Amino acid sequence: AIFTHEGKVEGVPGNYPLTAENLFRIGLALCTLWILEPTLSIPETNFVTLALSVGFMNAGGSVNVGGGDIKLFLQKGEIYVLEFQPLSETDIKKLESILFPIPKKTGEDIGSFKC
Amino acid sequence: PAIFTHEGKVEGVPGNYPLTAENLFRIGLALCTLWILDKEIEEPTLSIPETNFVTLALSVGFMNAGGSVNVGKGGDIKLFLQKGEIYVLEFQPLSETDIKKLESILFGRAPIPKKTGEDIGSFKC
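## Some points on the environment of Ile 110 of chain A
Reasoning step 1: Along the chain, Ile 110 of chain A falls in the loop between α3 (89-99) and β6 (113-114).
Reasoning step 2: Once residues lying within four places of it in the same chain are set aside, the contact partners of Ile 110 of chain A are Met 57, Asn 58 and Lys 105 of chain A together with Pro 14, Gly 15 and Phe 53 of chain B.

Next up, the structure:
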């Protein structure tokens, strides 16, 4: 599954649910969930946070590292454990319904990224 | 089966093929793969000029194949980007024979191997 019962998305970077494709869609849906521009704050730049960022931007949201509408907490250990704030069990259900064709923006409608 | 213009560049509207997130991911994956296999550089590096949807989508693919990226300069391969309505991507060093090799990988039905875990590259702002 994408989200644990505790409400987190975890795994080994590169393996589902942390594939570039799925992380990209998680990001698309997160921005969409907030629109239906939004801003995501990530703690660091790595494969996982960046794949999530590209999707968030593709949907018209902007991301920064240092904090906006949604903030990502990440703990890198045996596995990666991601937590979004704020995201209730309701937000998570809304998300799950979107992920399971999420529209995308193009050209200048695409969000930005700031280191 | 090609994306490079007769001028040795890739052009398009961000979000529209060949500049979709999916395709850019694949371009990044293929570029890194080309450097590891053809140039025999085990951990190639890509330098991007700035951070936006196109350069980052490209970076994710590059890292997924085992390469590392930095914003600035110094890498084995460096990206030159012209923005605007139609983005224009140029890589250096990328010869015409390199472009053919790259496209062969991009349009090939053969899967482009992906690395995982500790083997995925890093990103430096």
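## Brief notes about the sheet that holds strand β2 (residues 39-41) of chain A
Reasoning step 1: The strand order β1-β5-β4-β2-β3-β6 (chain A) describes an open sheet built from six strands, whose pairing is mixed. The sheet is open, and its two edges are formed by β1 (9-11) and β6 of chain A, each paired on a single side.

## Considerations on the packing of aromatic side chains
Any pair of aromatic rings gets described here by the distance separating the centres and the angle formed by the planes.
Residue and element names in this part refer to chain B.
Reasoning step 1: Summed over the entire model, instances satisfying the criterion amount to one aromatic pair over all chains.
Reasoning step 2: Between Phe 4 and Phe 91, the aromatic rings sit 6.4 Å apart at their centres with planes inclined by 55°, giving tilted as the arrangement. Highlighted residues: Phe 4 in the segment before β1 (10-12) and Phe 91 in strand β5 (residues 87-92), separated in sequence by 87 residues. Pair check on accessibility: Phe 4 and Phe 91 agree, each one buried.

## Side note on the interface of chain A and chain B
Reasoning step 1: Facing the 19 residues of chain A at the interface are 19 residues of chain B.
Reasoning step 2: Carbon and sulfur atoms make up 77% of the area that chain A and chain B hide from each other, which totals about 1,600 Å².
Reasoning step 3: The three residues of chain A that bury the most area against chain B are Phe 47, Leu 50 and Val 54 of chain A, which together make up 30% of that side's buried surface.
Reasoning step 4: Linking chain A with chain B are zero salt bridges.
Reasoning step 5: Here chain A and chain B share four residue pairs in polar contact between them.
Reasoning step 6: Elements with a minimum of two residues in the side of chain A that touches chain B: α1 (20-35) and α2 (47-58) of chain A.
Reasoning step 7: Ranked by residues supplied to the side of chain A that touches chain B, first place goes to α2 of chain A with six residues.
Reasoning step 8: Taken together, the residues of the side of chain A that touches chain B sort by class into twelve nonpolar, seven polar and no charged.

Cut-off values and rules
Residues numbered from 1 in each chain as written, not as in the entry; some residues may be left out. Chains lettered and ligands numbered in written order. Heavy atoms only, no water. Residues with missing side-chain atoms left out of burial classes, pairs and counts. Helix = DSSP H or I, 4+ residues; strand = E, 2+ residues; numbered from the N terminus. Contact = heavy atoms within 4.5 Å. Pairing = 2+ DSSP bridges. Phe/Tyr/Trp six-rings, centres within 6.5 Å; stacked < 30°, edge-to-face > 60°. Buried < 20%, exposed > 50% of the residue type's maximum accessible area, 1.4 Å probe, protein only. Buried area = accessible area lost by both parts, 1.4 Å probe. Salt bridge = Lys/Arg side-chain N within 4 Å of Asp/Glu carboxyl O. Polar contact = N/O pair within 3.5 Å; in protein donor to acceptor, adjacent residues only side chain to side chain. Nonpolar A, V, L, I, M, F, W, Y, C, P; charged D, E, K, R; others polar.

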